Every structure is written in C-alpha cells, then in structure tokens.
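Structure file final-v5.txt with compact mmCIF, N, CA, C and O atoms:
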# COMPACT_ATOMS: atom_id res chain seq x y z
N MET A 1 0.86 -1.22 0.00
CA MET A 1 0.00 0.00 0.00
C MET A 1 0.88 1.25 0.00
O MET A 1 1.22 1.80 1.05
N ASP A 2 1.25 1.69 -1.20
CA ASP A 2 2.30 2.69 -1.36
C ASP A 2 2.20 3.40 -2.72
O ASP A 2 1.27 3.16 -3.50
N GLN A 3 3.16 4.28 -2.99
CA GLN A 3 3.20 5.02 -4.25
C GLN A 3 4.03 4.26 -5.30
O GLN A 3 5.25 4.18 -5.20
N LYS A 4 3.35 3.69 -6.29
CA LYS A 4 4.02 2.88 -7.32
C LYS A 4 4.87 3.76 -8.27
O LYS A 4 4.43 4.14 -9.35
N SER A 5 6.07 4.09 -7.81
CA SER A 5 7.01 4.91 -8.59
C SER A 5 8.06 4.04 -9.31
O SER A 5 8.24 2.87 -8.97
N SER A 6 8.73 4.62 -10.30
CA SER A 6 9.78 3.91 -11.05
C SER A 6 10.92 4.85 -11.44
O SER A 6 10.83 6.07 -11.26
N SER A 7 12.00 4.30 -11.99
CA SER A 7 13.19 5.09 -12.34
C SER A 7 14.06 4.37 -13.39
O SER A 7 14.34 3.18 -13.26
N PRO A 8 14.48 5.09 -14.46
CA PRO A 8 15.35 4.51 -15.50
C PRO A 8 16.74 4.11 -14.98
O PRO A 8 17.26 3.05 -15.32
N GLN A 9 17.34 4.99 -14.16
CA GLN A 9 18.67 4.75 -13.58
C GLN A 9 19.77 4.63 -14.66
O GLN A 9 19.96 3.57 -15.25
N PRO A 10 20.50 5.74 -14.92
CA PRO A 10 21.56 5.76 -15.94
C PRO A 10 22.79 4.92 -15.54
O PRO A 10 23.42 5.15 -14.51
N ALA A 11 23.14 3.95 -16.38
CA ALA A 11 24.28 3.06 -16.11
C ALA A 11 25.63 3.74 -16.41
O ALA A 11 26.56 3.12 -16.94
N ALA A 12 25.75 5.02 -16.03
CA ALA A 12 26.99 5.79 -16.25
C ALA A 12 28.08 5.42 -15.22
O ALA A 12 29.24 5.78 -15.37
N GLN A 13 27.68 4.70 -14.17
CA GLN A 13 28.63 4.25 -13.14
C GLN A 13 29.50 3.09 -13.66
O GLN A 13 29.03 2.25 -14.42
N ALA A 14 30.76 3.06 -13.24
CA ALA A 14 31.67 1.96 -13.61
C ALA A 14 31.25 0.66 -12.91
O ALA A 14 31.06 0.64 -11.69
N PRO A 15 31.11 -0.45 -13.66
CA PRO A 15 30.68 -1.75 -13.11
C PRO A 15 31.51 -2.20 -11.90
O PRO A 15 32.70 -2.51 -12.02
N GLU A 16 30.88 -2.21 -10.72
CA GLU A 16 31.54 -2.67 -9.50
C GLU A 16 31.30 -4.18 -9.28
O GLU A 16 30.99 -4.91 -10.22
N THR A 17 31.47 -4.65 -8.04
CA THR A 17 31.33 -6.08 -7.71
C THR A 17 30.00 -6.67 -8.20
O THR A 17 28.91 -6.21 -7.84
N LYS A 18 30.08 -7.69 -9.05
CA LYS A 18 28.90 -8.45 -9.49
C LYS A 18 28.84 -9.80 -8.76
O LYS A 18 29.68 -10.67 -8.97
N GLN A 19 27.84 -9.96 -7.89
CA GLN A 19 27.64 -11.23 -7.17
C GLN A 19 26.29 -11.87 -7.53
O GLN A 19 25.34 -11.18 -7.91
N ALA A 20 26.22 -13.19 -7.42
CA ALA A 20 24.98 -13.92 -7.68
C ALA A 20 24.01 -13.85 -6.50
O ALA A 20 24.43 -13.73 -5.34
N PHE A 21 22.71 -13.91 -6.79
CA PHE A 21 21.67 -13.89 -5.74
C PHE A 21 21.28 -15.32 -5.32
O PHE A 21 20.58 -16.02 -6.06
N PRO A 22 21.71 -15.78 -4.13
CA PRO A 22 21.25 -17.07 -3.60
C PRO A 22 19.83 -16.94 -3.03
O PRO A 22 19.64 -16.52 -1.88
N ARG A 23 18.83 -17.31 -3.82
CA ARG A 23 17.44 -17.04 -3.47
C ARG A 23 16.85 -18.10 -2.53
O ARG A 23 15.91 -17.82 -1.79
N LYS A 24 17.41 -19.30 -2.54
CA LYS A 24 16.89 -20.39 -1.70
C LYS A 24 16.97 -20.04 -0.21
O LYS A 24 15.97 -20.12 0.51
N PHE A 25 18.15 -19.64 0.25
CA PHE A 25 18.34 -19.23 1.65
C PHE A 25 17.56 -17.95 1.99
O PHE A 25 16.93 -17.86 3.05
N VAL A 26 17.60 -16.97 1.09
CA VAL A 26 16.90 -15.70 1.30
C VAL A 26 15.38 -15.90 1.43
O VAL A 26 14.77 -15.42 2.39
N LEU A 27 14.78 -16.60 0.47
CA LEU A 27 13.34 -16.90 0.53
C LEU A 27 13.01 -17.75 1.77
O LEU A 27 11.96 -17.56 2.39
N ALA A 28 13.91 -18.67 2.13
CA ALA A 28 13.75 -19.48 3.34
C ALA A 28 13.66 -18.59 4.60
O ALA A 28 12.81 -18.80 5.46
N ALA A 29 14.55 -17.61 4.70
CA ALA A 29 14.51 -16.65 5.81
C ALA A 29 13.26 -15.77 5.74
O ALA A 29 12.60 -15.51 6.74
N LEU A 30 12.94 -15.33 4.52
CA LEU A 30 11.78 -14.47 4.26
C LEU A 30 10.47 -15.10 4.77
O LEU A 30 9.76 -14.51 5.59
N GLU A 31 10.17 -16.31 4.30
CA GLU A 31 8.94 -17.02 4.69
C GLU A 31 8.88 -17.27 6.21
O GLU A 31 7.83 -17.12 6.83
N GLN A 32 10.02 -17.65 6.80
CA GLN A 32 10.09 -17.89 8.25
C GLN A 32 9.94 -16.58 9.05
O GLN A 32 9.51 -16.59 10.20
N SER A 33 10.29 -15.45 8.43
CA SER A 33 10.15 -14.13 9.07
C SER A 33 8.80 -13.49 8.73
O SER A 33 8.55 -12.32 9.05
N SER A 34 7.91 -14.24 8.08
CA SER A 34 6.60 -13.73 7.66
C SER A 34 5.53 -13.93 8.73
O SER A 34 5.58 -14.88 9.51
N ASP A 35 4.55 -13.03 8.76
CA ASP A 35 3.36 -13.20 9.59
C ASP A 35 2.40 -14.23 8.96
O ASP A 35 2.65 -14.73 7.87
N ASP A 36 1.30 -14.50 9.65
CA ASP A 36 0.34 -15.54 9.23
C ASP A 36 -0.12 -15.38 7.76
O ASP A 36 -0.32 -16.37 7.06
N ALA A 37 -0.29 -14.14 7.30
CA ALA A 37 -0.81 -13.87 5.95
C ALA A 37 0.26 -14.00 4.85
O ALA A 37 -0.04 -13.87 3.66
N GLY A 38 1.51 -14.24 5.24
CA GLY A 38 2.58 -14.41 4.25
C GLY A 38 3.28 -13.10 3.87
O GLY A 38 3.58 -12.86 2.70
N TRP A 39 3.54 -12.26 4.87
CA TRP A 39 4.31 -11.01 4.68
C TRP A 39 5.36 -10.84 5.79
O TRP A 39 5.05 -10.95 6.97
N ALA A 40 6.61 -10.57 5.40
CA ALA A 40 7.70 -10.40 6.36
C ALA A 40 8.14 -8.94 6.49
O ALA A 40 8.47 -8.30 5.49
N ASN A 41 8.15 -8.42 7.71
CA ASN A 41 8.58 -7.04 7.97
C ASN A 41 10.09 -6.88 7.70
O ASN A 41 10.90 -7.68 8.16
N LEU A 42 10.44 -5.82 6.96
CA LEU A 42 11.83 -5.55 6.55
C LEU A 42 12.84 -5.75 7.69
O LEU A 42 13.86 -6.41 7.50
N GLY A 43 12.55 -5.18 8.86
CA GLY A 43 13.45 -5.32 10.01
C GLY A 43 13.71 -6.77 10.41
O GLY A 43 14.87 -7.19 10.53
N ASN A 44 12.64 -7.52 10.61
CA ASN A 44 12.74 -8.94 11.00
C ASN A 44 13.38 -9.78 9.88
O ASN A 44 14.12 -10.72 10.15
N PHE A 45 13.10 -9.41 8.63
CA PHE A 45 13.70 -10.08 7.47
C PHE A 45 15.23 -9.89 7.46
O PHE A 45 15.98 -10.86 7.40
N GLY A 46 15.67 -8.63 7.53
CA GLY A 46 17.11 -8.35 7.58
C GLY A 46 17.80 -8.99 8.78
O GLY A 46 19.01 -9.26 8.75
N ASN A 47 17.03 -9.25 9.83
CA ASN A 47 17.54 -9.91 11.03
C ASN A 47 17.71 -11.43 10.79
O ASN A 47 18.82 -11.96 10.85
N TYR A 48 16.60 -12.10 10.48
CA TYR A 48 16.59 -13.56 10.32
C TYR A 48 17.41 -14.00 9.09
O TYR A 48 18.03 -15.07 9.09
N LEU A 49 17.43 -13.16 8.06
CA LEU A 49 18.22 -13.43 6.85
C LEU A 49 19.71 -13.58 7.19
O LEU A 49 20.37 -14.52 6.74
N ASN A 50 20.24 -12.65 7.99
CA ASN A 50 21.65 -12.67 8.37
C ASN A 50 21.98 -13.91 9.22
O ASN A 50 23.13 -14.37 9.25
N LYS A 51 20.98 -14.44 9.92
CA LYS A 51 21.16 -15.67 10.70
C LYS A 51 21.47 -16.87 9.79
O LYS A 51 22.30 -17.72 10.12
N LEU A 52 20.80 -16.93 8.63
CA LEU A 52 21.02 -18.01 7.67
C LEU A 52 22.22 -17.70 6.75
O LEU A 52 23.04 -18.57 6.46
N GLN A 53 22.31 -16.45 6.29
CA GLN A 53 23.39 -16.01 5.39
C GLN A 53 24.11 -14.76 5.93
O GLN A 53 23.74 -13.63 5.60
N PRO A 54 25.15 -14.94 6.77
CA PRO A 54 25.98 -13.82 7.26
C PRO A 54 26.87 -13.24 6.15
O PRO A 54 27.32 -12.09 6.22
N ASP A 55 27.11 -14.05 5.12
CA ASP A 55 27.95 -13.67 3.98
C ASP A 55 27.18 -12.77 2.99
O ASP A 55 27.78 -12.14 2.11
N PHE A 56 25.86 -12.69 3.15
CA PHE A 56 25.02 -11.93 2.21
C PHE A 56 25.08 -10.42 2.51
O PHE A 56 24.40 -9.92 3.42
N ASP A 57 25.90 -9.70 1.75
CA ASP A 57 26.10 -8.26 1.95
C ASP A 57 25.65 -7.44 0.73
O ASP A 57 25.96 -7.78 -0.41
N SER A 58 24.95 -6.33 0.99
CA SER A 58 24.38 -5.50 -0.08
C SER A 58 25.45 -4.76 -0.90
O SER A 58 25.25 -4.50 -2.09
N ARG A 59 26.58 -4.43 -0.28
CA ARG A 59 27.66 -3.73 -0.99
C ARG A 59 28.36 -4.66 -2.00
O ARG A 59 28.99 -4.20 -2.95
N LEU A 60 28.25 -5.97 -1.77
CA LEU A 60 28.73 -6.96 -2.73
C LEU A 60 27.93 -6.89 -4.04
O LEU A 60 28.39 -7.32 -5.09
N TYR A 61 26.71 -6.36 -3.95
CA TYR A 61 25.85 -6.20 -5.13
C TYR A 61 25.81 -4.73 -5.59
O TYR A 61 25.34 -4.43 -6.69
N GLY A 62 26.30 -3.82 -4.75
CA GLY A 62 26.39 -2.41 -5.12
C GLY A 62 25.27 -1.54 -4.56
O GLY A 62 25.07 -0.41 -5.01
N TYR A 63 24.54 -2.04 -3.57
CA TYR A 63 23.42 -1.31 -2.97
C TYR A 63 23.79 -0.70 -1.61
O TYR A 63 24.54 -1.28 -0.84
N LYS A 64 23.23 0.48 -1.33
CA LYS A 64 23.49 1.19 -0.07
C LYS A 64 23.04 0.37 1.15
O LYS A 64 23.72 0.36 2.18
N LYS A 65 21.91 -0.32 1.02
CA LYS A 65 21.35 -1.12 2.11
C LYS A 65 20.44 -2.23 1.58
O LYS A 65 19.88 -2.12 0.48
N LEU A 66 20.28 -3.30 2.37
CA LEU A 66 19.41 -4.43 2.00
C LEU A 66 18.02 -3.96 1.54
O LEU A 66 17.46 -4.50 0.58
N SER A 67 17.46 -2.97 2.23
CA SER A 67 16.15 -2.40 1.87
C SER A 67 16.09 -2.01 0.39
O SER A 67 15.15 -2.40 -0.32
N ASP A 68 17.09 -1.26 -0.08
CA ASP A 68 17.11 -0.78 -1.46
C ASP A 68 17.27 -1.95 -2.44
O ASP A 68 16.69 -1.96 -3.52
N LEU A 69 18.06 -2.94 -2.03
CA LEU A 69 18.26 -4.16 -2.82
C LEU A 69 16.93 -4.86 -3.12
O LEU A 69 16.65 -5.22 -4.27
N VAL A 70 16.10 -5.05 -2.10
CA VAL A 70 14.82 -5.74 -2.26
C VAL A 70 13.83 -4.96 -3.14
O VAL A 70 13.26 -5.51 -4.08
N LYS A 71 13.65 -3.67 -2.85
CA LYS A 71 12.72 -2.82 -3.62
C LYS A 71 13.20 -2.62 -5.07
O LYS A 71 12.41 -2.26 -5.95
N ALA A 72 14.49 -2.81 -5.31
CA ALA A 72 15.03 -2.76 -6.67
C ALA A 72 14.81 -4.09 -7.40
O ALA A 72 14.30 -4.13 -8.53
N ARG A 73 15.19 -5.19 -6.75
CA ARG A 73 15.07 -6.53 -7.33
C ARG A 73 13.68 -7.14 -7.10
O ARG A 73 13.55 -8.31 -6.71
N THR A 74 12.64 -6.36 -7.39
CA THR A 74 11.24 -6.81 -7.21
C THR A 74 10.91 -8.05 -8.05
O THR A 74 9.89 -8.70 -7.83
N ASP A 75 11.77 -8.38 -9.02
CA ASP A 75 11.62 -9.61 -9.80
C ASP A 75 11.68 -10.84 -8.88
O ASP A 75 10.90 -11.78 -9.03
N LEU A 76 12.60 -10.81 -7.92
CA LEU A 76 12.78 -11.91 -6.96
C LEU A 76 11.85 -11.77 -5.74
O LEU A 76 11.35 -12.76 -5.21
N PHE A 77 11.62 -10.53 -5.30
CA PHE A 77 10.85 -10.27 -4.08
C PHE A 77 9.65 -9.34 -4.33
O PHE A 77 9.76 -8.33 -5.03
N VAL A 78 8.51 -9.68 -3.74
CA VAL A 78 7.32 -8.83 -3.81
C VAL A 78 7.34 -7.79 -2.68
O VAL A 78 7.39 -8.14 -1.50
N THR A 79 7.31 -6.51 -3.05
CA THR A 79 7.50 -5.42 -2.07
C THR A 79 6.26 -4.53 -1.92
O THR A 79 5.71 -4.04 -2.91
N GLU A 80 5.83 -4.31 -0.68
CA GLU A 80 4.79 -3.32 -0.37
C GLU A 80 5.07 -2.62 0.96
O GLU A 80 5.56 -3.23 1.91
N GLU A 81 4.72 -1.34 1.03
CA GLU A 81 4.66 -0.64 2.31
C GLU A 81 3.26 -0.84 2.91
O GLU A 81 2.25 -0.51 2.29
N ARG A 82 3.19 -1.41 4.11
CA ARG A 82 1.91 -1.65 4.77
C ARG A 82 1.82 -0.85 6.08
O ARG A 82 2.80 -0.74 6.81
N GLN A 83 0.65 -0.29 6.36
CA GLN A 83 0.46 0.52 7.56
C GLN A 83 0.27 -0.36 8.80
O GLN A 83 -0.52 -1.31 8.79
N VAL A 84 1.00 -0.06 9.87
CA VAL A 84 0.94 -0.85 11.10
C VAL A 84 -0.17 -0.32 12.03
O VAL A 84 -0.16 0.86 12.41
N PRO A 85 -1.13 -1.18 12.43
CA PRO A 85 -2.27 -0.78 13.27
C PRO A 85 -1.84 -0.08 14.57
O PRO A 85 -1.23 -0.69 15.45
N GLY A 86 -2.16 1.21 14.68
CA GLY A 86 -1.85 1.97 15.89
C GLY A 86 -0.51 2.71 15.82
O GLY A 86 -0.17 3.45 16.75
N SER A 87 0.24 2.52 14.74
CA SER A 87 1.54 3.19 14.56
C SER A 87 1.44 4.38 13.60
O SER A 87 0.59 4.41 12.71
N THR A 88 2.31 5.38 13.78
CA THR A 88 2.30 6.58 12.93
C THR A 88 3.00 6.32 11.58
O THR A 88 2.58 6.83 10.54
N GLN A 89 4.04 5.48 11.60
CA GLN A 89 4.78 5.15 10.37
C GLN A 89 4.28 3.84 9.74
O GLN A 89 3.67 3.01 10.41
N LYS A 90 4.55 3.67 8.45
CA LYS A 90 4.25 2.41 7.76
C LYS A 90 5.50 1.53 7.67
O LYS A 90 6.62 2.03 7.60
N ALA A 91 5.30 0.21 7.68
CA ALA A 91 6.43 -0.73 7.64
C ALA A 91 6.49 -1.46 6.29
O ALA A 91 5.46 -1.83 5.72
N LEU A 92 7.70 -1.66 5.77
CA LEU A 92 7.89 -2.35 4.50
C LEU A 92 7.78 -3.88 4.67
O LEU A 92 8.63 -4.50 5.31
N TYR A 93 6.73 -4.47 4.10
CA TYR A 93 6.55 -5.93 4.14
C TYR A 93 6.97 -6.58 2.81
O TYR A 93 6.73 -6.03 1.73
N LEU A 94 7.60 -7.75 2.91
CA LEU A 94 8.17 -8.44 1.75
C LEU A 94 7.68 -9.89 1.68
O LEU A 94 7.47 -10.53 2.72
N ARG A 95 7.51 -10.43 0.47
CA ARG A 95 7.18 -11.85 0.31
C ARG A 95 7.79 -12.41 -0.99
O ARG A 95 8.26 -11.66 -1.85
N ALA A 96 7.77 -13.73 -1.14
CA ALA A 96 8.46 -14.41 -2.26
C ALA A 96 7.70 -14.28 -3.59
O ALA A 96 6.47 -14.40 -3.65
N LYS A 97 8.45 -14.04 -4.67
CA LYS A 97 7.90 -14.04 -6.03
C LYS A 97 8.04 -15.43 -6.67
O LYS A 97 9.15 -15.93 -6.84
N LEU A 98 6.92 -16.05 -7.02
CA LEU A 98 6.94 -17.38 -7.64
C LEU A 98 6.30 -17.38 -9.04
O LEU A 98 5.41 -16.57 -9.33
N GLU A 99 6.77 -18.29 -9.89
CA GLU A 99 6.24 -18.45 -11.26
C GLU A 99 4.81 -19.03 -11.25
O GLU A 99 4.20 -19.24 -10.20
N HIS A 100 4.30 -19.30 -12.45
CA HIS A 100 3.00 -19.96 -12.62
C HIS A 100 3.11 -21.05 -13.70
O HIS A 100 3.77 -20.85 -14.72
N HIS A 101 2.48 -22.20 -13.45
CA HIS A 101 2.57 -23.37 -14.34
C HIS A 101 2.38 -23.01 -15.83
O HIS A 101 1.28 -22.67 -16.27
N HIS A 102 3.48 -23.08 -16.58
CA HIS A 102 3.47 -22.80 -18.02
C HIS A 102 3.90 -24.04 -18.82
O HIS A 102 4.69 -24.86 -18.35
N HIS A 103 3.39 -24.18 -20.05
CA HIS A 103 3.64 -25.39 -20.85
C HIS A 103 3.63 -25.09 -22.36
O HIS A 103 3.27 -23.99 -22.79
N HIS A 104 4.02 -26.08 -23.16
CA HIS A 104 4.03 -25.95 -24.62
C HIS A 104 2.92 -26.80 -25.25
O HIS A 104 3.00 -28.03 -25.26
N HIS A 105 1.90 -26.12 -25.77
CA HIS A 105 0.73 -26.78 -26.39
C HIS A 105 -0.09 -27.58 -25.35
O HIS A 105 -0.94 -26.98 -24.67
Take the structure in this file and express it as structure tokens.
Amino acid sequence: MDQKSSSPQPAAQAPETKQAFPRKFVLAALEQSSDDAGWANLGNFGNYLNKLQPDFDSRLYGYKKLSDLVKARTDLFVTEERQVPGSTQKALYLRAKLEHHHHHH
C-alpha cells in the first residue's frame, strides 16, 4: 500500500562487484520471518536473513542497504509498504515471487 514509482537509472557508473543472488536461503529466511498472511517485515527479514546467510552483503551487489536491494530486485521479491495498526509510520513488508505453471501446447 504505497506510491508505485519507477526510475530509468543511468548506467553511467563503472561496473563494481557483481555477485549472484542465492534465493533459496533468502526466501527461506523471508517465509520464516513472515506473519500468518505471508508477509515479512523488513526489520525482521534483515535480522533472520543474516542468521542463515551472514555472507550476504548488499555492498557486494552495489546497494546502499538491504532495503534498497529488495525494492530494486522486485523480480525476486514482492514489495509493499503496509500501515501498522496503531503506529504513525508504515512498515515495508516483503514476500516471495513465484512463477506460474506454463507449458508448450
């Protein structure tokens, strides 16, 4: 529940560290850090994720923080800002992006 904004992002920067995304461990932490409805709060996600993968660092991918990594790589992760009941600020909730059964003929 947020403002669906986007950005071209000019690739004028010199290519820094390129690392692969290990999604099995990350999604494993994500789902375990999720509430009953299947949404994980950014804070708890960044916490439980590091428990499974301490080697997983955002600067290895070129991002300022894990938060920016997730909202950028929405292909792997589903991102929404959700309002917390009784709180003044909204919290970023995350969940796993999965395919759908596709076939040939």
How many Å lie between atom N of residue 70 in chain A and atom O of residue 99 in chain A, rounded to one decimal?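 Separation between atom N of residue 70 in chain A and atom O of residue 99 in chain A: 20.2 Å.
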Shell around residue 92 in chain A at 5 Å using all atoms listed in the file, local window under 6 positions removed, as an NGL selection string: :A and (40-42 or 80-82)
Write down as a list in words the residues belonging to chain A that are assigned strand (DSSP E or B) by DSSP computed on the backbone. residues 34, 40, 41, 77, 78, 79, 80, 81, 82, 83, 90, 91, 92, 93, 94, 95 and 96 of chain A
Need the shell around residue 67 in chain A: protein/DNA/RNA residues with any atom at most 8 Å away, counting only N, CA, C and O atoms. Skip same-chain ones fewer than 3 positions apart. Format as a PyMOL selection string? chain A and resi 42+46+58+63-64+70-73
Could you give me, as a tab-separated table, every range 46-85 of chain A residue with an atom at most 10 Å from range 24-36 of chain A, plus its closest atom pair and distance in Å to one decimal, counting only C-alpha atoms, rows ordered by chain then number?
residue	atom	partner	partner_atom	distance
A:46	CA	A:30	CA	8.8
A:47	CA	A:33	CA	8.7
A:48	CA	A:29	CA	5.8
A:49	CA	A:29	CA	5.0
A:50	CA	A:29	CA	8.6
A:51	CA	A:29	CA	8.3
A:52	CA	A:25	CA	6.7
A:53	CA	A:25	CA	7.1
A:56	CA	A:26	CA	9.0
A:76	CA	A:27	CA	9.0
A:77	CA	A:27	CA	8.5
For residue 79 in chain A, which of A:45, A:98, A:1, A:10 is the closest residue, counting only N, CA, C and O atoms?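 Of all the options, A:1 lies closest to residue 79 in chain A.
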If DSSP is run on the backbone, what residues of chain A are alpha helix (DSSP H)? A reply as a PyMOL selection string would be ideal. chain A and resi 23-32+42-52+66-72
Pairwise distance, atom O of residue 75 in chain A with atom C of residue 96 in chain A, equals 6.8 Å
For a quick check of understanding, using only N, CA, C and O atoms, which of A:60, A:95, A:21, A:2 has the smallest distance to residue 83 in chain A?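 Nearest candidate to residue 83 in chain A out of A:60, A:95, A:21, A:2: A:2.
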Please, what distance in Å, to one decimal, runs between CA of residue 23 in chain A and CA of residue 102 in chain A?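 Separation between CA of residue 23 in chain A and CA of residue 102 in chain A: 21.0 Å.
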With all atoms of range 59-71 of chain A from the file as input, state the centre and edge lengths in Å to one decimal of the axis-aligned box that has 6 Å extra on each side, as JSON.
{"center_x": 20.7, "center_y": -3.1, "center_z": -2.2, "size_x": 28.6, "size_y": 20.5, "size_z": 21.1}
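Minimum atom-to-atom distances from A:61, A:6, A:69, A:103 to residue 18 in chain A were compared using only N, CA, C and O atoms, and the lowest value belongs to A:61.
Proximity to residue 74 in chain A was assessed for A:57, A:89, A:44, A:97 counting all atoms listed in the file; the smallest distance is recorded for A:97.
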